[PDB]
Structures are given as C-alpha cells and as structure tokens.
C-alpha cells in the first residue's frame, strides 16, 4: 500500500501541506526504504519546515541510494548552509555540479 | 492503514473537499473508533455541509473521548444553535469556557 | 419402536389379554414415559387384574401428565375405593366431576 | 420513619432470590419484608417456601402456618405443610393437611398422591 | 441499642455488592443502612444506583430524588433521574432533570447527549 502512501505524500507536498507530506512519505518509506525520491522529498518537506538537520539526513540517504541526484546534492548544500556548515555546503554544491 | 485514511481526511478537509474528507475520516474511524480528533473533524465536515445533526453526534462522541476539547464544545454549541437548540447551545458554549 | 409396542398394548387390552397389554404398555412407556394415555391404560389393565395399588400408581402418573382426564380421576377413585381408601376415592370422584 | 415501599422492595428481592435458588438471601429478604409488616400471607408462604428449599422443614411449617392464619385458602401451603409433616414422620398431620388442601382443590393430584402415601405410612 | 457503626457497615457492604453487580444484596444493604438512619444522600444515591442497575427505574427515581432532597447538588442523581424519566417516556421531565444536572456541571457531555435526545423525542 506504500504506493498509495507515496502518492498522498506527493500531493500533500505540492499543496504545501508539508506536515501531511512528511507523515505520508514516512509511511511509504517504512514499507519501502529504497525509495530515493521519497527520501529526497521527505528531506524537502523537512527543509520547508525549517528542520535542516533532518533535511540533511534525508538528502544524504537519498543520495546514497542515488548519487546522481544533483538536486539532492544542491538541497543538501542548502540545508548545510542554513546550519552554518559552509565547507560542507560548498562541497555539496560542487557535488551537484559534478 | 487507518493512519493513511486519516491523513487523506485532513488533507481533503483543509482543501474544502468535505465530501471526500467525510468518507476518509469514516474509513479511518471504522478502523480506529477512538480517534477523537478525527471524530471532531468529521463533525466539522458535516457542519460545513449543513448537516448539523451529524455534526452534533460527532462532536459529542469526540467529547466523550476528550472532554477537554473546548473547540468541540464550541462547535457543538454552534451546531446546536443552527438547529434552534438554544438552551443546549448555551450550555455547550459555557462548557467550552469551563 | 415404542409406537408399535403401544399399539400392541391397545390391541391386547381390548381383547382382554391384560397380561400382554401390561407388558406391551410397559415397553412403550419405558421408551416413552410421557405417554399419559398408555399410563392410564396400564393402570386399567392392572385394575382389571385386581392390582389396585398399581392401578392407583399409574392413574396418578397419568393424571400428573394430564390432570384433565376425568376418566383417570374416576378410575383412580375406583381403585381407591377397592382398597378401602374412601375419603380418597371420594376426592378423586369429585376431581373427575370438577 | 418512611420507607413506604419497604416491604415491597424486600419481597421482590426475596422472590428473585427464591427463583435463583438463593434461599438464604431470600429468607433474609422475606423476613425483612415481614419484619416491618408481618401481614402478607404471600410472604409468609414464600418464606415457608424458601425454608422448605433450605430443608429446615420445621421452620417452613411455622411460616406456612402463619400464611394460613392470614389466609386459610392457601391450598399450596396446606400441601407443603402436609409434606413437611410427612417428612417428619407425622403421618397423621400429613393426612389432615393434605385433606384440607384437597377440599380447597380436589384435583391436586400431587396432594392426592402424597395423601395416599401418608395413609399407607400411617 | 448500640451498633454505632451499623449504617457504615451496611453501607460498605452495599458498595461491595454494587461493585460486584449484586444489586439485590446491595439494595438490601443500602436499605438497611438507611433504615436506621435515612439521612445519607450517598446511600440514597447508591440505593438509586442499585435500583437503576436492577431496572426498576421508578424505584430508582424515588431513591435518587431523596438523595437530591438531602443534597440537590448531586448532578449525577439529576442525570440518572433524567435517564429514568427518559426511559419511561417522560421526555419533559427528562429535559428538566438533565438541565439541572448541566447547570451544576455544563461539561457533562452525557447529560448533554441525553438532553439533546430528550428534546428530539419530546
């Protein structure tokens, strides 16, 4: 049923209902931990709510599953930047370019 | 899966899709009857659709599960008011203040 | 098979073969103790053979099963009369009239 | 100082307990119903019935006798008194009590059966 | 001539029996506690509760009413009286009794639910 939870997550995310999106993505992920896109979007929802530590944790996880996601690399850099982790933000930004 | 039904309910509710929200809350509640918040929101969705008798029934149920919900007491008073049940609306309004 | 034993009982009774009738009724009754009519007729067969104590016992049993059988009440009175139990015979005779 | 329906409440409880076989409770309840108003033949009778259920037939006799003192037409009380006397070996009273029950109701086949035995045991 | 704690002993026994669902015993015990001292609103109330458990709501009404006569602030008695009246089809009294319970406690959601139904049934 993870596929439905996933879709709810995307819908809530797009609509700005990040709290709903977070719970829905977590449901989908609990059932299927390898959904890199859901991890990415989960990280984005946390980012939107100001939790940049969680956003980092999830962007890294999404990247471990998919190292090619330049947007996750970029958003990782953004969350790091928000936390003052500038050397790291720079590296992640470069990683997105690479 | 009640947790997903619940989230759909909240999303639909916020978006004004009260008919969807009602069915979704009822699904979540059928699986888990003790969700006072869902009962409250179910009552609110009925209220929004003009069914103030159903709104009353659900606000009372939500209150039985959680007597502290001043908003349910208040909304109970509103639904009662709509039905002409003024002594009752007043009592429920006071109950919200208490 | 009690139903056949019962019929043999009635036939033997009518023919004056009371000893046969007694055994046949007892067979039917052993299988089905609630046959008030058989108890009554059993009592009658004993009565015919001069055993008025047994006739009493069976008339009473038949009456317990069916208090409306005026003939059992009457025959009870007759058996009691034969035994010298006159107050009782009178009561049973009145019971038949009642 | 009030308790207008006291006897009724106790009586009804007594009946429930009798029906459920709780004769000790029923005795207490009937006794109380009568204690503040000892004039209900039905309660005296049912008190006797509960005592009869208990097995202390002599107590049952006193209670049934009182029921008859209040109402001598209670054939059933006459019958159970006869049974109580019969149980005690008092076949002469068993006979008198069963006959009284039968004068009231000649079709009481059980009273007749027991009367017949009382005359034979006498 | 003594029995200084009689009512207390009977009351406590009544409470135990009520808790165990033994309402007939509880009625007897509460009645006795009150019989020698009919001034405890709690016992009148619990007597009413035991009667309510029994189902003879009219008896429950008298007992709860007495509890209110001793103490009119017993919202719960007001509530159960309203319930007893409601059960009897007396929706007009059910309303008055539920409203009194709610004036004492506006958050009694059950009294509200039952009051709402009483107004609809009226």
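Going by the order they are written in, the chains are A, B, C, D and E; count residues from 1 in each one.
Just so it is clear, a contact is a pair of C-beta atoms (placed from the backbone, for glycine too) under 8 Å apart; a residue touches a chain by one contact, two chains touch by 3 or more.
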Checklist entry - Leaving out chain E but moving nothing else, do the remaining chains stay as one piece, and if not, how do they split? => result A, B | C, D
Item to check | Remotest chain, chain A as reference, centres from CA atoms | outcome: C
Checklist entry - So which chain ends up in the middle if you average the CA atoms? => result E
Checklist entry - Distance-wise, how many Å sit between the C-alpha centres of chain A and chain D, to the nearest whole number? => result 88
Checklist outcome for this item: Taking each chain's mean CA coordinate, chain A and chain B are separated, in whole Å, by 34
Next on the checklist: Roughly how far is chain B from chain D, centre to centre by C-alpha average, rounded to an integer in Å?
Outcome noted: 62
Item to check | Geometric centre distance via CA averages, chain D-chain C, whole Å | outcome: 32
Checklist entry - If each chain is a dot and touching chains are joined, what shape do you get: line, ring, star, complete or other? => result line
Checklist entry - Pairs of chains that touch, anyone? => result A-B, B-E, C-D, D-E
Checklist entry - In the complex of these two chains, what residues of chain B are touching chain E? => result 56, 60, 63-64, 67, 73, 76, 80, 85, 87-88, 91-92, 94-95, 98
Item to check | chain E to chain B touching residues, read off their complex | outcome: 99, 102, 106-107, 109-110, 112-113, 115-116, 119
Checklist entry - How about chain B: which of its residues touch chain A in the complex? => result 1, 3-4, 7-8, 10-11, 14-15
Next on the checklist: For the complex, give me every residue of chain A touching chain B.
Outcome noted: 1, 4-5, 8, 11-12, 15, 17, 20, 23-24, 27
Checklist entry - Quick one: in the complex, what on chain E touches chain D? => result 24-25, 27-28, 31-32, 34-35, 38, 56, 59, 62
